[PDB]
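Have a look at the structure below before the remarks.
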Amino acid sequence: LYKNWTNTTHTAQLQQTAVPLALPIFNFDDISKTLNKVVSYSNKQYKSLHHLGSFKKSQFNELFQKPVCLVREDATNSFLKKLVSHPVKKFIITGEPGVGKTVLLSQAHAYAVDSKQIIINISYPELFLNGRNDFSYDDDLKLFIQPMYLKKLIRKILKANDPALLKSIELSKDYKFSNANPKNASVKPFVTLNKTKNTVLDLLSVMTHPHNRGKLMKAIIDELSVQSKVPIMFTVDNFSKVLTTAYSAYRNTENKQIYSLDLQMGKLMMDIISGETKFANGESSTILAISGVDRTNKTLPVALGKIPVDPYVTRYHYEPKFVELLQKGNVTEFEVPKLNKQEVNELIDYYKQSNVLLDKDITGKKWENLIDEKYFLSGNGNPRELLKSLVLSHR
Amino acid sequence: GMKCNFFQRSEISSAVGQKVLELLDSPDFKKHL
Amino acid sequence: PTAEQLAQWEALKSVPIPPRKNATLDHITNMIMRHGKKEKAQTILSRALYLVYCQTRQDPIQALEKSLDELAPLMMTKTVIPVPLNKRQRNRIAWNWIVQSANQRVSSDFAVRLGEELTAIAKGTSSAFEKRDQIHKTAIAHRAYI
Amino acid sequence: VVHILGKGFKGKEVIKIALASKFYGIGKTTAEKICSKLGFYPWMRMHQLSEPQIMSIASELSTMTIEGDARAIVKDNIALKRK
Amino acid sequence: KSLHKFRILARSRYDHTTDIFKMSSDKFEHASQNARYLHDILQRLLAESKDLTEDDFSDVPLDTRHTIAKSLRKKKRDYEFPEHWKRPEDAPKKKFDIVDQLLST
Amino acid sequence: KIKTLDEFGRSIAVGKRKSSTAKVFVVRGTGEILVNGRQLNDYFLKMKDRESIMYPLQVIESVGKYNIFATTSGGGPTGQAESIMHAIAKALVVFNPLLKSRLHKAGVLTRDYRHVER
Amino acid sequence: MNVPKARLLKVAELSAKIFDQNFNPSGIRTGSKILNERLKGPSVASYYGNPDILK
RNA sequence: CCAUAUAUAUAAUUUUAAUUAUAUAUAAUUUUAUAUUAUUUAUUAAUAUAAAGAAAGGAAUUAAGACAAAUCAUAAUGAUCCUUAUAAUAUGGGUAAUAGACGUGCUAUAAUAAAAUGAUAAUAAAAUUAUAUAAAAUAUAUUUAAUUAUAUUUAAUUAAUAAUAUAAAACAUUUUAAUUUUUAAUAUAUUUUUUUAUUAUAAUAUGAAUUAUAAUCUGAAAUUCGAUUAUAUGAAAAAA
Ligand SMILES: Nc1ncnc2c1ncn2[C@@H]1O[C@H](COP(=O)(O)OP(=O)(O)OP(=O)(O)O)[C@@H](O)[C@H]1O
Ligand SMILES: [Mg+2]
Ligand SMILES: [Mg+2]
């Protein structure tokens with residue numbers, strides 16, 4: 001173990017020694033039978049969610065054999081009923097830091113996996129905003145593409161989603177990309193994909209040169225926008241980082257910081273969010289979630305109508321363009337409520353069955369007293385503080 | 001000691017400068033202008 | 001007095017008052033702390049104990065207490081007469097040995113080094129047992145002068 | 001090891017930091033301006049540079065007032081004061 | 001429109017939270033001069049605010065930055081006991097006492 | 001003068017620690033708490049401060065029976081948390097005077113005298 | 001922020017005219033702080049006391 | 001006498017901090033009960049355990065001897081010396097010189113520790129403002145903005161009102177040479193902000209002295225000899 005504590009607990013496979021437990025499996029179809037119970041995800045859900053990056057460090061996932069989730073009536077069931085019922089399915093998940101926004105997003109991902117939908121998850125958009133991977137200006141797409149990040153993201157889209165579902169979609173145009181496949185790079189210089197013969201799976205497996213990769217990304221998104229046989233769920237976790245970083249760390253040939261919307265990824269994300277890119281299915285949804293690690297400013301609450309527009313607020317603390325885009329698409333908020341005492345009881349019960357609680361709590365303390373004390377210490381229902389009061393408060 | 005503030009409700013309805021002029025209108029400065 | 005509050009008082013007649021803090025953990029964290037940065041010391045200790053739990057899957061506080069009780073020497077020769085040690089002094093000696101062992105490891109983070117040192121001690125692998133044995137041997141050799 | 005104008009750089013070194021570290025006239029802002037001009041992304045490292053890009057850095061630095069020329073200017077200021 | 005123009009032209013002297021326009025003068029040696037000066041300033045401000053024939057400044061929003069900066073320097077205790085936490089059922093109830101009633105006779 | 005609940009059933013108490021002061025309204029409830037109108041974990045980032053605030057309720061095993069509306073000012077996090085602790089203990093005595101002794105034995109009814117002294 | 005600078009300049013000029021303030025949009029050094037500085041001569045001069053004392 | 005705890009008074013609760021202010025008074029140098037130890041045998045003391053208490057700190061206040069002290073700048077008196085000069089004024093210079101030696105302090109020599117960021121603004125106290133204080137805004141450095149430093153303009157307040165002034169550590173994320181413990185290309189994965197495979201991959205991104213250039217600030221004046229900012233420079237400092 002040579003890394004720091006967070007990266008160690010994230011990457012040291014410390015759950016190898018976690019005791020197995022037979023939890024019920026997440027199934028929104030059978031929500032009634034799992035409501036207010038700790039559940040595990042399916043095997044398919046686990047594979048897809050790991051490729052999506054639904055699980056993150058500092059979630060205490062290593063405590064348990066696999067990531068698990070309390071299926072909550074006021075968060076999970078309520079949000080998913082809105083996700084199935086609402087006519088315009090564009091959401092921003094909000095709530096206090098550590099309340100469960102990312103877990104709610106992963107439960108939405110699992111619902112999508114079991115609902116036969118394609119999921120494009122931009123987890124942690126700081127990768128394409130921090131200037132730690134390459135970029136180049138594309139002249140056809142009047143945008144700065146980021147080939148390394150696009151390669152990683154296209155592989156994630158391929159891996160996470162059901163291959164049969166993704167092959168069901170026939171291409172609606174003809175495409176010609178630079179060939180970068182090592183075997184036939186020389187024999188064949190350009191790979192060509194025809195209409196009604198090659199599928200979105202074929203396009204999504206294309207190997208092209210970095211400068212052309214941006215076009216591939218467009219080809220993918222356009223294609224998924226035109227098809228009407230598969231719903232598309234487009235998710236962005238830590239979306240707040242985008243709202244409070246309007247200018248990326250990249251700087252153009254004149255040494256000026258590049259606007260986030262001048263990046264292909266920024267333009268893509270905000271086009272999907274603003275509705276400029278329309279998905280033809282009608283069950284397609286966009287789910288955004290803010291994060292507590294990012295700074296707050298006026299952009300988000302103004303875009304949600306919570307506070308009026310103060311036009312003298314400096315651009316650092318108020319970006320009107322993002323408000324314009326978030327309002328153009330009728331993005332509505334879902335605030336994750338804090339846990340009630342009964343949900344705390346259920347979670348602590350599951351934690352007891354996982355042999356995670358300290359002896360000072362289980363051995364010699366009354367159960368009701370334990371529940372009351374940890375409901376108090378968690379700030380009346382914050383899940384992260386609940387866990388930290390259980391497994392990380394040795395005092 | 002005592003300080004008194006008086007509040008009166010009511011119906012709605014330079015030494016340097018006067019010397020700078022004197023210096024500028026002096027022969028010592030007027031000759032450069 | 002009302003009957004409900006008389007019943008409450010009767011119920012609490014038997015219950016012992018809960019402890020404000022764990023004295024041993026308080027001592028250890030205060031030994032980690034410098035410059036009054038207590039929260040940082042508590043974070044280091046709790047993170048190390050979290051690693052200990054995750055690798056042994058037992059109550060890490062109990063493991064730490066067993067480790068300190070076993071590793072610390074019961075007596076020590078001082079200027080040359082053996083003298084008995086109280087619990088706090090024993091914990092100081094044992095903790096210093098543990099920290100010295102942990103700072104021979106590779107991780108940049110002190111919490112990781114300390115946690116895996118405490119895991120190794122909880123599994124009976126520590127060089128400070130030799131230090132304890134040497135101290136005990138000197139005390140036996142000088143028992144005549146007590 | 002990559003070589004620019006007779007200066008060696010460990011592969012992992014960040015270009016904008018390394019250039020400011022090793023060249024006399026170049027500072028943080030100047031190095032960032034050079035990297036922006038050549039299209040290097042902010043945290044690109046020396047081992048990622050192609051030989052054409054190495055030559056582009058060499059040309060850009062040669063057009064700068066750095067190393068011996070800048071040192072001569074400084075020594076000339078000091079000598080002229082001494083005179 | 002004239003009230004808006006007044007506030008815009010008052011700038012930092014106007015406090016939107018209290019609706020108070022305040023200005024002070026101590027540039028003249030005597031208080032009567034300073035009072036007449038302040039009255040004359042007010043007259044000019046009102047005359048310009050009512051003169052909407054050239055510019056009403058309706059496109060300029062009201063700048064409250066000076067007031068925000070002022071408010072950040074004073075602690076704000078803007079919280080009240082939750083209404084739904086109240087337990088009037090638990091309040092003490094006056095108990096009958098015969099002596100006092102027979103003494104109020 | 002015997003203390004009692006107000007017209008809303010609240011026990012009002014004041015505690016001090018270092019240069020911090022706290023005024024707490026304790027009413028019978030379900031273990032809710034607000035500090036300066038903010039969630040406990042929001043206002044107090046250190047867990048040990050929350051444990052200090054909870055300790056008097058834990059002494060009388062009455063966490064989960066009371067709603068706390070604490071309001072602090074002055075000093076820093078530790079001083080404010082411990083002034084809330086003291087104020088809660090004093091307020092709790094009103095609901096059941098027979099427990100005062102036990103609270104007095106816990107140490108939460110004793111005002112900590114220590115303060116910065118050049 | 002979105003408000004054009006011409007509108008705010010007009011506001012600043014008109015306000016300065018109303019309240020008898022120096023409007024200096026160019027930002028040139030005018031020495032106005034010298035004119036507005038208070039005369040401290042009397043307090044400084046009375047430092048050692050009133051010389052017209054009975055002796 | 002402070003402080004601490006409490007009571008009364010005062011405040012038309014917009015000078016708000018009523019969780020406050022400052023007048024007066026009260027309180028403790030605490031007290032009771034057992035048990036064990038000793039006892040000058042209890043009506044003593046200590047320890048422990050119970051009970052009531054908010055109760056746990058601090059300062060001042062007199063003389064007598066001995067020695068030191070003339071920046072004794074803690075004086076007075078006396079003696080002695082100068083009186084065109086040992087008195088008095090102005091201009092400039094010095095007290096800032098640099099071989100050494102030492103005292104004290106500040107900044108450092110990196111990962112239980114530094115940096116950056118954190119706007120419905122986490123959390124203070126005690127002071128200061130008529131020989132002032134400087135808000136917000138605008139402009140330049142300068143780069144969308146922010147930050148930082150100046151300039152322009154001086155809003156309010158001579159103050160429980162306004163300003164100096166959104167305290168800072170804390171905490172959270174990100175980053176960090178030495179370190180191949182890393183980065184990158186391809187595959188790879190039920191660790192995806194990540195894993196795995198194969199390929200390439202003693203002074204730093206610590207420190208901030210010194211010096212150069214260009215600005216700024218106060219002042220009549222910054223040369224000997226002041227402060228600040230930007231762009232460069234980048235020393236010594238590792239072990240005991
Ligand atoms: N419904 C839930 N069931 C079980 N555990 C949960 C649930 N919601 C949150 N948690 C756990 O609580 C902690 C909160 O982490 P999570 O990533 O969900 O928070 P968040 O609100 O997204 O945080 P942030 O503000 O950092 O983005 C994690 O341990 C998560 O596993
Ligand atoms: Mg999250
Ligand atoms: Mg440095």
Side-chain angles (χ1 to χ4, degrees), chain A residues 2-3 10-11 13 43 46-47 49-53 55-57 66 97 123-124 126-127 130 156 159 182 246-247 255-257 259 292-298 301 307 313-317, chain C residues 32 34 37 39-41 44 106 108-111 114, chain D residues 10-12 14 17 21 24-25 27 29-30 45 47-48 70 73-74 77-78, chain E residues 11-13 18 22-24 63 65-66 69-70 72-73 75, chain F residues 1 14 19-23 42-43 45-46 71-77 80 101 104 109-114 117, chain G residues 8 12 16 21-30 32 36 38 40 43-44:
Chain A
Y2 64 95
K3 308 186 181 178
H10 183 227
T11 76
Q13 296 284 93
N43 291 340
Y46 275 128
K47 168 165 179 177
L49 271 45
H50 279 298
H51 281 117
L52 287 167
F55 312 114
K56 305 197 161 192
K57 67 194 181 184
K66 289 306 293 211
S123 64
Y124 191 70
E126 183 178 1
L127 273 77
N130 58 16
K156 289 174 78 185
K159 291 287 122 171
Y247 277 85
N255 209 59
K256 303 290 184 287
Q257 282 170 215
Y259 198 44
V293 309
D294 305 316
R295 73 194 184 89
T296 51
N297 66 5
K298 275 73 173 181
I307 64 186
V313 176
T314 196
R315 192 173 184 178
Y316 187 55
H317 295 283
Chain C
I32 298 158
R34 290 291 180 279
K37 302 179 185 296
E39 172 56 13
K40 186 180 289 293
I44 289 158
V106 69
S108 63
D109 191 26
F110 178 51
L114 182 65
Chain D
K10 190 174 180 177
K12 69 177 286 182
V14 176
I17 289 153
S21 179
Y24 184 77
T29 59
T30 317
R45 294 168 197 274
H47 73 94
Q48 310 179 40
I73 297 169
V74 171
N77 301 326
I78 293 180
Chain E
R11 299 188 68 191
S12 72
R13 296 161 201 78
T18 61
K22 184 173 73 174
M23 43 185 192
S24 55
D63 182 11
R65 280 176 291 189
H66 64 279
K70 184 175 72 179
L72 289 163
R73 291 154 195 160
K75 300 301 187 194
Chain F
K1 186 66 177 177
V14 169
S19 71
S20 305
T21 309
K23 183 187 188 73
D42 167 36
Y43 196 96
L45 304 181
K46 302 180 189 174
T71 63
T72 42
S73 56
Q80 289 181 336
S101 180
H104 216 300
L109 292 170
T110 290
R111 186 267 183 275
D112 193 331
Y113 192 78
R114 294 181 297 166
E117 184 76 56
Chain G
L8 266 47
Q21 305 206 0
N22 305 322
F23 181 61
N24 187 24
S26 65
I28 197 65
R29 300 167 190 275
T30 57
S32 289
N36 295 323
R38 293 175 188 166
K40 61 191 286 179
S43 46
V44 163

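Quick note on labels: first sequence line is chain A, next is B, and so on, each numbered from 1.
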Using a 5.5 Å cut-off between ring centres and planes within 30 degrees, is A:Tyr46 stacked on the base of H:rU190? no
With hydrogens left out and only the distance checked, is there a donor-acceptor pair under 3.5 Å joining G:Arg38's side chain and the base of H:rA130? yes
Polar side chain donor-acceptor pair, G:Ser26 to G:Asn24, under 3.5 angstrom: yes
Please check the phosphate of H:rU166 (OP1 and OP2 only) for any side-chain N or O of E:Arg73 closer than 4.0 Å. yes
H:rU190: syn or anti, per glycosidic angle within 90° of 0: syn
side-chain N/O E:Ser12 vs H:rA137 OP1/OP2, d < 4.0 Å: no
Is any side-chain nitrogen or oxygen of F:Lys46 closer than 4.0 Å to OP1 or OP2 of H:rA172? no
Going only by the six-membered rings, do H:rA18 and H:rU19 fall inside 5.5 Å on centre distance and below 30 degrees on plane angle? no
Identify whether any heavy atom of F:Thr21 sits under 4.0 Å from a base atom; if not, whether one sits that close to sugar-phosphate; answer base, sugar-phosphate or nothing. sugar-phosphate
Could you check whether F:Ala22 gets within reach of a base, just the sugar-phosphate, or nothing at all, counting any heavy atom under 4.0 Å? nothing
Can a donor-acceptor pair under 3.5 Å be found between the side-chain atoms of F:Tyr113 and the base atoms of H:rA3? yes
For H:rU19 and F:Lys23 - does any side-chain N or O of the residue sit under 4.0 Å from the phosphate oxygens OP1/OP2? yes
Pair of N/O donor and acceptor under 3.5 Å linking H:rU144 base with A:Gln257 side chain: yes
Using a 4.0 Å heavy-atom cut-off, does A:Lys256 contact any base of the nucleic acid, only the sugar-phosphate backbone, or nothing at all? sugar-phosphate
Which is true for E:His66 with a 4.0 Å heavy-atom rule: it touches a base, it touches only sugar-phosphate, or it touches nothing? sugar-phosphate
N/O donor-acceptor pair under 3.5 Å between A:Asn297 side chain and A:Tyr316 backbone: yes
H:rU190, OP1 or OP2 - any side-chain N/O from A:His51 closer than 4.0 Å? yes
In the 5'-to-3' direction, what one-character label does each nucleotide of nucleotides 112-119 of chain H receive under the scheme B = base within less than 4.0 Å of a protein heavy atom, S = sugar-phosphate only, - = no such atom? B----SSB
